[PDB]
Amino acid sequence: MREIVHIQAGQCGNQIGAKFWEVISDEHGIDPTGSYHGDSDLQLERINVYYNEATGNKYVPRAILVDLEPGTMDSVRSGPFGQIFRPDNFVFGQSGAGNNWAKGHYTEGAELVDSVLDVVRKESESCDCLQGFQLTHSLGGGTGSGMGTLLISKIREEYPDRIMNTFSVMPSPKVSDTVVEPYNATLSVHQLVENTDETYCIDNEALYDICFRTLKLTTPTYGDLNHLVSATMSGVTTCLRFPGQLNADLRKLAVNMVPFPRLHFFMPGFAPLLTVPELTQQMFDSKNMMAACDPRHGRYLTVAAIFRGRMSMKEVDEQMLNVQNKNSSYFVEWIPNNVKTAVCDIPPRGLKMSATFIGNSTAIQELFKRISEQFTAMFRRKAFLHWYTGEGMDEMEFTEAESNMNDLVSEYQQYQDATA
Amino acid sequence: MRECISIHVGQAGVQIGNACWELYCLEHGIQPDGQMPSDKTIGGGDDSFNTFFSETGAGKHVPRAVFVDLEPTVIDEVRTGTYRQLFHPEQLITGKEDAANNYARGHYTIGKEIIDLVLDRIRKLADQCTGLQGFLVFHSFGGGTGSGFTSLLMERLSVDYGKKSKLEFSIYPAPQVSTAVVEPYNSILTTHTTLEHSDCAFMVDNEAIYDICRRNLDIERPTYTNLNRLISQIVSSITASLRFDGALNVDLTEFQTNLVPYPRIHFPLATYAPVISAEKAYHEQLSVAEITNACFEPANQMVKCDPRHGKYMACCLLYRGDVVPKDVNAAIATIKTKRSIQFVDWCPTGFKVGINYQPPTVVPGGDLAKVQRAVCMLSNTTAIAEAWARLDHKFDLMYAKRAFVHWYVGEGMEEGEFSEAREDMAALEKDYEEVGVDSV
Amino acid sequence: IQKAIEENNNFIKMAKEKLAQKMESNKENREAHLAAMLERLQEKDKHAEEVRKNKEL
Ligand SMILES: Nc1nc2c(ncn2[C@@H]2O[C@H](COP(=O)(O)OP(=O)(O)OP(=O)(O)O)[C@@H](O)[C@H]2O)c(=O)[nH]1
Ligand SMILES: Nc1nc2c(ncn2[C@@H]2O[C@H](COP(=O)(O)OP(=O)(O)O)[C@@H](O)[C@H]2O)c(=O)[nH]1
Ligand code: BEF
Ligand SMILES: [Ca+2]
Ligand SMILES: [Mg+2]
Ligand SMILES: [Mg+2]
């Protein structure tokens with residue numbers, strides 16, 4: 001298993017997708033012309049996971065760019081590495097959902113889904129061994145939220161035995177003031193819970209709290225938030241892109257990280273935001289989490305730790321055992337050896353050492369609890385529905401999405417209270 | 001004749017096969033291109049090393065081996081490594097998508113697509129044998145291929161070759177180098193379905209080898225290369241009786257008669273000495289008595305367990321190098337009067353001794369020192385059931401909550417297979433208690 | 001010697017049949033697993049066609 005097909009949908013999906021392709025491109029020594037100019041053969045070892053080999057030794061991202069608004073078409077191509085994307089993998093509309101989940105999932109989104117699916121198949125047809133899909137998108141918008149989930153369920157029909165990965169950005173009143181975001185988020189997780197295998201919860205409330213309180217940014221940009229997303233997106237995919245033993249492909253990660261098919265929502269962490277002891281405890285700290293969840297308010301089902309840079313593996317092994325035994329109360333005992341660690345020699349650009357954390361923690365319920373609380377504060381009033389009922393939807397979909405997300409929470413709590 | 005065919009399954013099995021065949025080539029004077037200038041009979045012959053190496057007209061000595069993995073990564077290194085000329089390409093079988101640490105994928109979904117090709121290539125090795133003795137299967141307990149595909153393979157070999165002997169070298173999982181949380185599952189599953197089809201299984205606890213490398217060889221953080229070069233020495237001691245001769249050489253099958261009192265009780269404990277660095281071996285070579293004493297130090301065992309708290313049903317000593325029976329008997333007498341070796345009351349207490357005079361060799365750039373004499377002890381002790389108990393407990397912790405079980409049901413398996421495999425292990429743990437109680 | 005032959009042959013026979021059943025039973029379970037998730041995905045398409053047509057009315 002080698003090739004991953006990447007999809008970016010919506011404003012956020014295309015933005016965080018661009019800076020993801022920018023970072024790993026620098027790590028793999030690839031300029032915007034698709035030419036290789038690195039000095040370690042370990043950069044070309046698994047280049048096929050994310051890059052096709054074109055004519056003349058040029059590397060083209062296996063990326064598909066989607067948006068119902070033709071705004072982002074310019075921005076991507078105008079931004080760095082805009083040419084690197086193949087022109088035909090650009091599929092766009094003219095009128096977007098306007099932050100309406102229904103428009104992106106059932107009407108204007110369903111009118112465009114056949115177009116992107118055609119690009120998915122050609123990109124998948126020439127895969128030696130298609131490994132799976134990863135989607136970048138927001139859950140509080142229209143296209144990435146509504147049409148992203150529809151695209152997942154459509155790809156899953158044609159590839160039911162492949163891994164479906166998503167980098168789902170969650171809404172937060174601290175970043176966006178759009179009122180219909182708790183609606184779009186709940187309807188999305190209702191779909192993600194059923195049709196995806198792995199979901200990295202990139203919580204915007206977390207990203208801002210770090211930029212404001214940690215990095216000391218009064219009015220941080222979307223770029224300041226996205227520099228965090230790019231840092232972690234590179235971290236969680238390190239084991240996929242470089243020769244390694246642990247979680248080297250999406251399925252092995254899934255088997256290691258997901259004990260119950262619905263509890264597949266991960267709490268990513270990153271450090272720094274330097275010695276191995278400090279990297280470890282910071283990596284396990286609440287402030288370094290990219291989801292607004294205190295891991296010590298719940299329990300860990302599984303954890304994947306990734307250290308990058310030149311360092312003593314003996315020290316890493318000792319510190320990972322040290323943090324586990326000193327915090328044993330936060331690791332369910334009915335899953336032995338549920339913390340796995342990987343070390344990559346090459347570090348991310350700008351740092352000597354770094355640590356990326358992927359945690360399946362029952363504390364993620366705090367994130368879903370906050371959304372459902374903001375959801376029920378508008379559903380109890382029956383507010384702003386005509387933007388959704390006017391597109392053909394009924395109350396059944398809203399109440400069913402509400403019930404399913406609250407079920408996810410109680411299931412995370414059911415295994416938090418489980419004993420031996 | 002009495003040829004022996006080796007089958008290496010999955011990453012661990014393949015990478016251990018690399019270390020073993022390299023060591024074999026060094027021990028027999030075989031060059032990376034297969035040439036052996038000492039072999040004066042070209043194209044054939046019935047020498048002792050021909051149990052493991054066939055011969056071509058061009059003078060190439062070819063391992064009687066098959067390398068199979070459901071992913072090309074690990075075997076590709078064989079195709080381009082130092083010994084790429086040693087194997088004909090038909091011996092290195094690869095798929096394109098591995099089992100992803102899932103027993104179900106290795107035994108069913110993916111494994112069933114390549115099993116017929118593997119058996120066909122094994123058949124072509126068997127066809128060159130004038131008196132095939134049996135198979136040596138190297139695999140991990142925890143990997144999806146090493147567990148699922150091995151058991152599928154072992155089942156098919158029982159059909160295609162009857163009760164032709166099948167021996168295992170099994171890698172028992174350890175958290176220091178483990179790669180999957182579900183390794184307890186794959187271990188119980190593969191042990192249950194293989195138990196009927198295996199005549200003798202040498203378990204190698206990765207944590208035991210890991211500790212030996214850290215403790216005895218100044219390796220702060222042992223890698224698979226450190227572990228596999230130590231494992232190959234043990235495998236070499238065991239197969240040395242088949243690949244060499246000598247007036248005092250005792251055939252492995254003769255040890256096997258003493259080691260397997262009942263079909264299911266076929267898991268010998270291996271302990272190897274001396275594991276010593278060149279810096280410490282310099283100007284100090286260990287006598288026969290010293291390496292024999294080390295065989296009863298639990299820290300030198302291949303599986304973590306306490307034989308002092310169990311009973312012995314057999315004790316075999318496989319000596320290698322400069323060793324004469326006089327020193328052996330003296331060392332055994334010292335031990336029998338200074339160690340805690342209790343036997344079950346239904347089997348004799350004599351130690352079975354074998355000596356191959358061909359001295360052990362080291363792989364260049366290795367860690368262990370070149371010693372004049374080495375010894376591997378094979379003992380059938382009830383204490384090895386401790387290794388089952390540790391695995392069965394981890395299995396129970398996860399299975400009580402059905403954790404990760406959906407990954408197996410999704411591939412076609414049923415919960416019944418989990419409980420059926422677990423109770424086979426429960427009965428196996430119980431079988432080891434029964435053989436230890438005294439007669440009445 | 002005829003009993004030894006009968007024993008080995010019966011060991012081969014029953015091993016061949018238990019494996020045949022397992023490989024057939026495993027295929028039926030995996031297919032039913034996939035058949036279930038696809039029939040549940042098409043019902044999302046029936047609900048989608050029913051939604052986009054309910055807009056007109
Ligand atoms: N001693 C030793 N153990 C190994 C080696 N390689 C892997 N292992 C162990 O094997 C177990 C995992 O099985 P693998 O062999 O890596 O995987 P596999 O058999 O190829 O199965 P899949 O990858 O899922 O298809 C873990 O417990 C590892 O620690 C090795 O080279 N030497
Ligand atoms: N972190 C981050 N969040 C974003 C970005 N752009 C939009 N968002 C979030 O996404 C939500 C709006 O969704 P949007 O991207 O407009 O959906 P679209 O209609 O499919 O493009 C809001 O909650 C924003 O906070 C970005 O560049 N970075
Ligand atoms: F801005 Be999105 F298309 F709703
Ligand atoms: Ca010859
Ligand atoms: Mg937009
Ligand atoms: Mg493998």
Side-chain angles (χ1 to χ4, degrees), chain A residues 1 8-15 65-73 75-76 92-100 103-104 108-109 137-138 140-148 169 176 178 184 222 244-249 251-252 255, chain B residues 8-15 28-30 34-62 67-77 94-103 105-106 110-111 139-140 142-150 171 179-180 183 186 224:
Chain A
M1 256 169 47
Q8 36 189 84
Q11 184 176 247
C12 173
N14 276 278
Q15 190 61 40
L65 304 89
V66 180
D67 196 344
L68 276 175
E69 310 265 358
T72 31
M73 55 79 193
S75 353
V76 172
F92 296 95
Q94 302 89 46
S95 158
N99 306 325
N100 178 273
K103 286 218 199 95
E108 293 149 17
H137 64 146
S138 278
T143 300
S145 182
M147 213 183 92
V169 182
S176 173
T178 316
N184 301 333
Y222 274 118
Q245 279 291 114
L246 183 91
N247 301 326
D249 66 76
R251 177 162 265 109
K252 272 179 147 84
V255 177
Chain B
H8 306 274
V9 181
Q11 172 175 145
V14 163
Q15 299 197 320
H28 297 298
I30 302 194
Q35 299 291 320
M36 195 208 298
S38 53
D39 191 6
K40 315 301 292 184
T41 63
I42 289 71
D46 56 353
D47 297 322
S48 286
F49 59 79
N50 287 131
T51 53
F52 275 56
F53 295 88
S54 57
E55 290 179 53
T56 75
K60 177 183 279 184
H61 297 70
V62 180
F67 285 58
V68 52
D69 199 6
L70 306 181
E71 167 213 44
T73 291
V74 182
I75 289 178
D76 281 3
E77 291 298 82
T94 49
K96 313 218 292 187
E97 179 177 14
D98 64 11
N101 301 324
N102 193 331
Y103 172 97
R105 292 179 69 82
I110 304 299
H139 69 102
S140 73
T145 305
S147 62
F149 189 77
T150 298
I171 303 308
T179 59
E183 286 189 65
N186 303 330
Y224 286 142

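Values below: all heavy atoms of this structure, side chains included; hydrogens, waters and symmetry mates excluded. We name chains A, B, ... by the order of the sequence lines, and we start the count at 1 in each one. First listed ligand is number 1; within each ligand, the first listed atom is number 1.
At least one N/O/S atom of B:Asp39, from backbone or side chain, sits under 3.0 Å from the Ca ion (ligand 4). Taking 3.0 Å as the threshold, B:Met36 does not count as a candidate ligand of the Ca ion (ligand 4), since none of its N, O or S atoms lies below it.
Of all heavy-atom pairs between B:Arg105 and B:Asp98, the closest is NE-O, 3.9 Å. In terms of heavy atoms, A:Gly141 sits closest to A:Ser145 at O-CB, 3.2 Å. The nearest pair of heavy atoms linking B:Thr94 to B:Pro72 is CG2-CA, 3.8 Å. Considering every non-hydrogen atom in both B:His28 and B:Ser38, the closest pair reads O-OG, 4.3 Å.
One finds an angle of 100° at the Ca ion (ligand 4) between O on B:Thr41 and O on B:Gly44, to the nearest 10 degrees.
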